[PDB]
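Asks: Here it is: the structure, laid out below.
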Amino acid sequence: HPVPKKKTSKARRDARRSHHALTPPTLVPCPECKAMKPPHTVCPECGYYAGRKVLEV
Amino acid sequence: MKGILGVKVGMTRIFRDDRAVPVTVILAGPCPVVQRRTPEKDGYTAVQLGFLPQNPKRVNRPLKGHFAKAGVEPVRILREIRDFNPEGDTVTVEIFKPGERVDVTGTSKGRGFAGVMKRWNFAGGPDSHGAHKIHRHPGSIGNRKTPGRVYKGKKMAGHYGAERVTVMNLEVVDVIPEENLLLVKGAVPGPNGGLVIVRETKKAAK
Amino acid sequence: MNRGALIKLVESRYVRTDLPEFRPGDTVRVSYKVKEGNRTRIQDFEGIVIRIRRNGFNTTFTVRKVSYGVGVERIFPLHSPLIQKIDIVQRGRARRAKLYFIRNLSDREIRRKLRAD
Amino acid sequence: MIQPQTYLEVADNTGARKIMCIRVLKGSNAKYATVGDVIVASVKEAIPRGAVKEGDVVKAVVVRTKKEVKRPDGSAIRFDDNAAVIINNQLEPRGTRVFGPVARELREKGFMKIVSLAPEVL
Amino acid sequence: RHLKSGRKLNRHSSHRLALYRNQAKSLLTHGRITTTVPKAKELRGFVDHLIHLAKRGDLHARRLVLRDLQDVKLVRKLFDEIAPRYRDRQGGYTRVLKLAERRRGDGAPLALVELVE
RNA sequence: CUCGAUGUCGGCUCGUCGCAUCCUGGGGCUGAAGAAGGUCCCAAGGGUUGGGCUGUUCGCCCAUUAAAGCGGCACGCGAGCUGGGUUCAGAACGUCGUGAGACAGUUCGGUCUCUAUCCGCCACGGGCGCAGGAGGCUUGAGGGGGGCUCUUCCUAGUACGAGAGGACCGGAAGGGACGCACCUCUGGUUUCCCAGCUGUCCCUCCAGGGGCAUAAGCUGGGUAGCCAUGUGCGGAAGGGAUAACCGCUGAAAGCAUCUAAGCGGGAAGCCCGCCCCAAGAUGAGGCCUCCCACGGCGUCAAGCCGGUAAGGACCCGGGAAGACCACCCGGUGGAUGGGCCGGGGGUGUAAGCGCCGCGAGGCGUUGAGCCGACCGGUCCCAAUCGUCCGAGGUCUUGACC
RNA sequence: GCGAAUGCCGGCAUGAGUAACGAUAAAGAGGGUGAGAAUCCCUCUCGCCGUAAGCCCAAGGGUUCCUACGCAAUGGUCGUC
RNA sequence: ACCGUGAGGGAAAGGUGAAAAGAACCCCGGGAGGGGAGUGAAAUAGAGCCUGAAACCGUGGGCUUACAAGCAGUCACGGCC
């Protein structure tokens with residue numbers, strides 16, 4: 001059916017994929033451990049905000 | 001000839017010899033939060049408010065935007081031109097003598113993103129005699145070397161809800177001076193349990 | 001507050017009781033005389049006798065198409081408080097199961113068959 | 001509630017209690033004849049002997065189903081759709097006529113004759 | 001046509017239902033389980049009322065939540081084993097808590113939600 | 001230009017400009033008395049129905065109408081349908097051909113593909129900017145949308161008149177179709193809200209249920225949302241300049257003329273008024289409140305770093321906003337979601353036991369029981385803890401304190 | 001001794017991280033194993049078949065079948081299966 | 001090899017070094033594979049590993065850019081380096 005005409009070079013190619021681009025993952029610290037806690041979450045230790053229940057064996 | 005409103009819902013009411021239906025507006029009443037005098041603004045007139053959300057909640061600069069002629073703890077604020085403010089406060093508790101004629105407006109219930117189908121009128125194509133784009137469809141968008149293209153601003157695809165507007169002239173039917181409310185019998189020009197305002201234009205000689 | 005609250009009110013007033021009529025029945029055939037009139041307030045205690053079809057519910061409610069056979073299928077839909085209405089005396093008796101929109105009635109009735117109910 | 005090409009029920013002299021209506025007779029853009037509307041149509045049903053025949057009249061709609069929503073906030077729907085034949089002017093054509101009340105009709109008024117004419121139980 | 005929506009769910013309805021039940025059950029068993037965000041939110045609302053009835057306690061209640069779980073062991077075990085410990089609170093006998101990781105390949109954000117103690 | 005391809009009819013969906021304007025208003029002219037007509041001129045505003053027979057566009061007819069316009073864009077539109085059409089093998093007739101096969105003569109059938117790159121269009125965002133750095137409030141050049149019309153009634157059956165008829169003028173009402181919103185009323189939906197139900201396998205035999213009979217087995221109903229067939233509403237006034245057409249005040253034509261002088265009269269049209277966009281109108285921003293001049297280094301140090309929650313982010317919780325996304329309200333100093341709870345609306349008297357009937361069931365306890373969005377409580381549960389980013393404030397001139 | 005012959009051979013970009021992941025018979029939970037398992041192993045909920053997605057003869061195919069280890073290639077990603 | 005029923009068709013693939021001296025062993029990993037030590041004249045001669053250049057894809061640096069219309073460019077001038 002309908003196919004392009006070339007590819008306005010790397011130029012465009014990127015232009016687009018460009019405004020696309022990556023980003024990062026948001027982190028703070030274990031209110032109990034230390035490390036990277038993303039809002040509501042536990043992790044392989046402190047597993048808590050009061051009463052772990054998680055991490056061990 | 002102005003009034004701010006947090007509106008409720010519409011509901012039938014009886015009028016004289018026949019029942020008929022109106023709609024529910026509630027306005028605590030604004031208070032010339034800011035005036036725009038002509039030395040200030042020549043789009044001269046009034047900026048008011050009509051309610052108030054939790055106190056802590058007020059940005060600083062706000063705290064003072066108030067400070068000025070000082071008021072309270074709202075967020076429901078907005079202006080309008082050629083609108084005088086012969087007061088420090090105004091609540092409709094007369095502001096709008098019922099059985100008066102009003103014009104009104106507000107947010108337009110956030111629709112969605114509807115094909116020619118919904119957006120504009122004259123929807124789709126047919127269905128049987130040739131159904132692979134079935135019943136519903138999108139007309140024709142112009143043509144070859146006439147304009148050598150697709151036109152520029154004729155009805156079209158998607159998004160048509162998250163928008164707002166006003167309804168011309170209708171009934172101020174009745175004014176309930178306590179619970180600052182007005183029953184009008186109008187289209188509720190946008191959701192209910194939400195927002196609109198009232199203004200009344202009409203050099204209208206039938 | 002909101003909705004519930006205030007509207008609850010507005011109506012509270014205009015309707016007060018839809019007119020302490022309270023006896024509803026669902027099947028009951030019954031008869032009323034509404035100020036139904038026109039032509040020099042030929043508001044005639046107009047009374048229709050009908051088998052109770054249904055009812056809409058909140059301030060505004062509706063004494064539903066109580067269906068009546070004149071010599072035709074005449075079904076009458078009235079609004080409840082409707083000042084229009086005066087007389088609402090009942091006649092038959094509110095019966096039969098699968099409730100409202102009990103259309104079986106005008107549906108495929110047959111005076112006898114209704115009478116079988 | 002209305003109709004265009006319709007199987008309109010009748011009663012009175014009609015040699016056929018039904019005719020097929022062409023178009024609502026109102027404003028040049030018809031689209032719906034309801035109680036009180038006058039319409040343009042002809043005979044669909046057969047006229048024992050009769051005076052009516054198998055030609056075409058203009059007449060007035062009575063009854064209809066799908067909401068007799070009246071000014072007074074009262075209503076009714078008749079599991080039936082009809083009209084009375086209308087001799088030009090309107091003036092209905094036959095003596096008696098098989099039917100009943102419901103102001104709507106009366107309010108159009110012009111036909112007050114019909115009005116008084118078929119009061120009772122059917 | 002659409003925007004406002006009350007409650008809301010994926011898969012299909014018979015499916016969903018199937019789920020709600022099965023899970024509701026498994027969880028009853030362990031007092032706490034892990035699934036993906038949503039699964040949690042919902043199984044929460046659900047097991048929430050089921051258990052409210054669990055407390056309700058007796059002939060009828062049993063009758064219903066049973067109507068769903070179908071099984072003495074679990075059924076009753078709830079009814080008498082835990083229901084008690086719950087009889088006092090105002091609902092929300094559930095707790096939905098978002099975990100560390102996500103399932104493989106899909107990268108699905110999971111949670112652990114349990115009956116609140 | 002086209003044959004290394006520009007898919008040719010009709011229809012459909014969507015139209016968009018033209019006037020030589022059908023209907024509309026504004027008009028002089030009459031062989032105009034009224035009414036109504038015929039005749040040119042002015043002007044696109046909107047308006048410009050349904051059926052029948054035909055693959056027809058066209059046309060003739062049925063019923064309408066205020067009107068039922070003509071025509072441009074490859075006789076607009078196959079990368080948007082249709083494919084009846086003409087323009088593939090069949091077969092058919094009739095017609096030619098000595099037959100082969102044919103006929104711009106007909107007849108029955110007959111594989112129209114489709115992930116858009118671009119510019120274009122419809123919408124939604126990320127930028128970076130309109131030299132302090134901040135949260136909200138507005139004015140709009142200019143751009144978009146709307147602009148229609150019929151019937152009745154008083155004015156008056158007066159002006160016209162023989163009579164039958166029937167006005168300007170101006171003032172009510174009520175529809176049609178159309179456009180923008182919106183549920184209350186009416187009405188459709190309501191994929192689990194309720195209810196009756198049949199076959200079957202399972203629970204544990206009974207009853208009392210369970211899935212499966214679609215992705216609801218079946219049926220009868222059914223909030224909320226959304227939605228019309230239902231509800232409000234508008235197309236205005238009104239102001240300015242004009243169109244043909246009409247004059248006034250006036251010479252050059254020492255008598256005449258609206259017409260170079262100068263003044264006015266005049267259409268649904270033009271400009272504004274009505275509504276909706278809107279300074280990313282690189283020409284804004286305009287007002288409102290508000291945070292203050294941190295630190296180490298080659299200098300017009302307009303560069304690197306903590307900065308003020310000044311503010312705002314990110315994340316969580318949510319939302320008739322919503323593809324993402326931005327929009328927006330909350331973030332436990334909460335009511336934000338879910339839970340419960342009360343209540344509206346639903347289904348339609350529950351499961352158990354009780355009473356009459358050999359039985360089928362009935363009646364009772366029972367308007368009972370189960371309930372999703374709907375109005376509003378209550379920290380029962382989940383909105384913890386934190387992270388980051390974000391002013392110091394160019395030079396020139398002039399004006400003041 | 002060649003851009004240039006819808007040329008030949010080979011690489012290599014391109015829509016483009018979009019289109020799809022081959023049947024609407026459904027999954028969900030719990031332990032186990034691993035270096036890591038939505039995606040392997042047991043267990044418990046549920047659905048789809050059954051007159052076939054039955055079991056058997058033959059045809060053709062021919063390694064595989066089992067048992068132990070094992071994945072980097074191969075299963076349309078997964079994988080320790 | 002592989003397409004085809006068959007008759008038949010009919011690929012690609014050459015090179016480390018002087019000789020194996022081609023990789024003990026220490027280090028991250030499940031592994032590859034990556035960093036060390038020794039090879040050595042070299043290992044940007046390291047195992048399809050000589051010479052390994054074009055297309056194309058990447059990391060870093062200088063200049064340049066958000067009122068811009070131009071396949072191209074390239075004549076002038078100026079800021080930059």
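Scheme for the structure tokens: letters A, B, ... for chains in order shown; per-chain residue numbers from 1; ligand numbers from 1 in order shown.
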Determine which residues of chain D sit within 8 Å of chain B, taking into account only C-alpha atoms, and present them as number ranges by chain.

Replies: D: 71-73

Asks: DSSP says strand (DSSP E or B) for which residues of chain E? Put them as a list in words?

Replies: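 Selection result, strand (DSSP E or B) within chain E: residues 32, 33, 34, 35, 36, 94, 95, 96, 97, 98, 99, 100, 101, 102, 109, 110, 111, 112, 113, 114 and 115 of chain E.
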
Asks: For chain G, work out the contacting residues on chain E at 12 Å, counting only C-alpha atoms (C1' of nucleotides), and write them as a PDB file with C-alpha atoms, in the first residue's frame.

Replies:
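To be explicit, this is the file written out as result_10.pdb:
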ATOM      1  CA  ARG E  11     -10.620  -9.871  31.359  1.00  0.00           C
ATOM      2  CA  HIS E  12     -14.358 -10.609  30.968  1.00  0.00           C
ATOM      3  CA  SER E  13     -17.191 -10.749  33.628  1.00  0.00           C
ATOM      4  CA  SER E  14     -17.573 -14.550  34.052  1.00  0.00           C
ATOM      5  CA  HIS E  15     -13.770 -14.667  34.078  1.00  0.00           C
ATOM      6  CA  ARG E  16     -13.341 -11.863  36.582  1.00  0.00           C
ATOM      7  CA  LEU E  17     -15.922 -13.474  38.810  1.00  0.00           C
ATOM      8  CA  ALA E  18     -14.045 -16.751  38.516  1.00  0.00           C
ATOM      9  CA  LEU E  19     -10.980 -14.890  39.683  1.00  0.00           C
ATOM     10  CA  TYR E  20     -12.480 -12.980  42.545  1.00  0.00           C
ATOM     11  CA  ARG E  21     -13.739 -16.202  43.830  1.00  0.00           C
ATOM     12  CA  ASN E  22     -10.604 -18.336  43.475  1.00  0.00           C
ATOM     13  CA  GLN E  23      -8.360 -15.647  44.862  1.00  0.00           C
ATOM     14  CA  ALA E  24     -10.736 -14.557  47.567  1.00  0.00           C
ATOM     15  CA  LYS E  25     -10.447 -18.241  48.591  1.00  0.00           C
ATOM     16  CA  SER E  26      -6.645 -18.756  48.375  1.00  0.00           C
ATOM     17  CA  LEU E  27      -6.197 -15.539  50.354  1.00  0.00           C
ATOM     18  CA  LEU E  28      -8.692 -16.647  52.978  1.00  0.00           C
ATOM     19  CA  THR E  29      -6.346 -19.564  53.309  1.00  0.00           C
ATOM     20  CA  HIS E  30      -3.134 -17.593  53.908  1.00  0.00           C
ATOM     21  CA  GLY E  31      -4.244 -14.273  55.333  1.00  0.00           C
ATOM     22  CA  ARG E  32      -2.001 -12.551  52.818  1.00  0.00           C
ATOM     23  CA  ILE E  33      -1.183 -13.053  49.159  1.00  0.00           C
ATOM     24  CA  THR E  34       0.792 -11.427  46.284  1.00  0.00           C
ATOM     25  CA  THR E  35      -0.512 -10.550  42.735  1.00  0.00           C
ATOM     26  CA  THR E  36      -0.321  -7.480  40.465  1.00  0.00           C
ATOM     27  CA  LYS E  39      -5.748  -7.891  41.311  1.00  0.00           C
ATOM     28  CA  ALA E  40      -5.056  -6.544  44.744  1.00  0.00           C
ATOM     29  CA  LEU E  43      -9.819  -8.796  45.517  1.00  0.00           C
ATOM     30  CA  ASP E  68     -19.512 -18.051  46.348  1.00  0.00           C
ATOM     31  CA  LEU E  69     -16.691 -20.013  47.920  1.00  0.00           C
ATOM     32  CA  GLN E  70     -18.432 -23.420  47.874  1.00  0.00           C
ATOM     33  CA  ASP E  71     -16.562 -25.421  50.549  1.00  0.00           C
ATOM     34  CA  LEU E  74     -12.527 -22.773  54.019  1.00  0.00           C
ATOM     35  CA  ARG E 102       7.735  -7.018  38.863  1.00  0.00           C
ATOM     36  CA  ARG E 103       7.077 -10.338  37.271  1.00  0.00           C
ATOM     37  CA  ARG E 104       9.508 -11.423  34.547  1.00  0.00           C
ATOM     38  CA  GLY E 105       9.394 -10.464  30.885  1.00  0.00           C
ATOM     39  CA  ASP E 106       6.238  -8.492  31.485  1.00  0.00           C
ATOM     40  CA  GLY E 107       7.650  -6.267  34.261  1.00  0.00           C
ATOM     41  CA  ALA E 108       4.387  -6.273  36.175  1.00  0.00           C
ATOM     42  CA  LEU E 110       3.139  -6.597  42.128  1.00  0.00           C
TER      43      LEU E 110
END

Asks: Can you pull out every residue within 8 Å of residue 32 in chain D, counting only C-alpha atoms (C1' of nucleotides), but drop anything in the same chain fewer than 5 positions away, and send it as a PyMOL selection string?

Replies: chain D and resi 2-4+23-24

Asks: What residues in chain D have any atom no more than 6 Å from chain F when counting only C-alpha atoms (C1' of nucleotides), and can you write them as a PDB file with C-alpha atoms, in the first residue's frame?

Replies:
ATOM      1  CA  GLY D  27     -44.224  22.340   7.527  1.00  0.00           C
ATOM      2  CA  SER D  28     -42.432  21.455   4.256  1.00  0.00           C
ATOM      3  CA  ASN D  29     -40.109  19.137   5.994  1.00  0.00           C
TER       4      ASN D  29
END

Asks: For residue 18 in chain C, list every protein, DNA or RNA residue within 10 Å, evaluated using only C-alpha atoms (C1' of nucleotides), and leave out those in the same chain fewer than 3 positions away; present the list as an MDAnalysis selection string.

Replies: chainID C and resid 11:12 14:15 21:22 59:61 79:83 85

Asks: For the structure I just gave you, how does DSSP split range 27-126 of chain B - specifically, which residues are helix (DSSP H, G or I)? Reply as an MDAnalysis selection string.

Replies: chainID B and resid 60:67 116:119

Asks: Could you tell me which of F:374, F:17, F:268, F:274 comes closest to chain C if we count only C-alpha atoms (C1' of nucleotides)?

Replies: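 Among F:374, F:17, F:268, F:274, it is F:374 that comes nearest to chain C.
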